[PDB]
Each structure stands twice: as C-alpha cells, then as structure tokens.
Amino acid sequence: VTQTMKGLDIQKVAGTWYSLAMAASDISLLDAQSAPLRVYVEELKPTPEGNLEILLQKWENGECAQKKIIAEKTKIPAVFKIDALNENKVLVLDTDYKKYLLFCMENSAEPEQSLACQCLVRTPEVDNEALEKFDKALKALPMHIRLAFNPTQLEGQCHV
C-alpha cells in the first residue's frame, strides 16, 4: 500500500531536515509527546557504503534527546531496513532532494499497527506543495492521527 521513490539517489539527501508533518495508523503511535513514534528528524547522513543514518530527537525525561537510527540498504534504493522504534523498514516515498522528502516507517509483520509517515523539509517553513504531496501519498493509507507543525514549533525544543 506504500509507494517508493523509483531511482532514489541517496547521496542527494544529505543534510539537515525538519519534520513538518507526521501521521500514523494507530493514534497511540503519535499521541502525546511521549509516544513511541513521536520522533523528529534532525539530519540524514548517507554513508559511503550507501546506508543511511537517520538522526532524530525525541523527548525523554523532560529533555530533547538524540537518537541515531542506522538504516541499511536493500536492493531498492528507496527501501532500507532498520531495527529501531519497533520498526523494521524505512520507505522513501518521494523527494525532490532540494526541498522535501516523504518517508514512512513500519514493521512488515504488522503494518497496520506500525505505520508512521513524515513530510520532511530542508528549511523550517511550511511548504504547502510538500504537504499536498504528503496528503496525497497518504490518501489511501489507514491513518488515524495526523500532526502538522508551524515554524515556531520547527524552531522549538522537540517541536514544542
């Protein structure tokens, strides 16, 4: 049920990103700042072997904490394997490289109980084109929670 970006060129995604919007299949995955998938991307770091480090922040004990997820390449440039956040896959749905990137995380063993997707932007501003693409990509996905952040939140501590 999940699109992939064909021919993703990972080298072109390196840098800071901001989580502009996120949505999940289960409310509890994103409900409250403590939710397990309430993670805010800070940076994408493609590696020399073509794997991807995903640097995130999350609230922990009243502080914005860092978490690094190692995502390992597969035969499809846009799909990476992980072992974090109870997930086992990262899918890059679409990117223009220069402005936005859409991705989802899930666990193959139960996507309906694990799907979370994000709209990332390079600059901490609302990009309505990117949000339109995100919402279109998600149109037929079974999301039950959706959040979209404003520039103050993007400049805040862990999106507050």
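Residue positions are given as counts along the sequence shown, with the first one as 1.
Modelled in this chain, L56 is likewise built in all the other compared entries whose models extend past it on both sides, so a third of them omitting it does not occur. Among other deposited entries of this protein with both flanking residues present, at least a third omit coordinates for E110. Comparing 44 to 52 with 95 to 103, the higher mean C-alpha B-factor in the PDB entry belongs to 44 to 52. In this entry, the higher average B-factor at the C-alpha atoms falls on 1 to 9, of the pair 149 to 157 and 1 to 9. Across the options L131, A109, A116, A32, the residue with the most elevated CA B-factor in the record is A32. In the PDB entry, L141 places in the highest third of its chain by CA B-factor. When the modelled residues of the chain are ordered by C-alpha B-factor, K73 sits in the middle third. Ranked by C-alpha B-factor against the other modelled residues of its chain, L120 falls in the lowest third.
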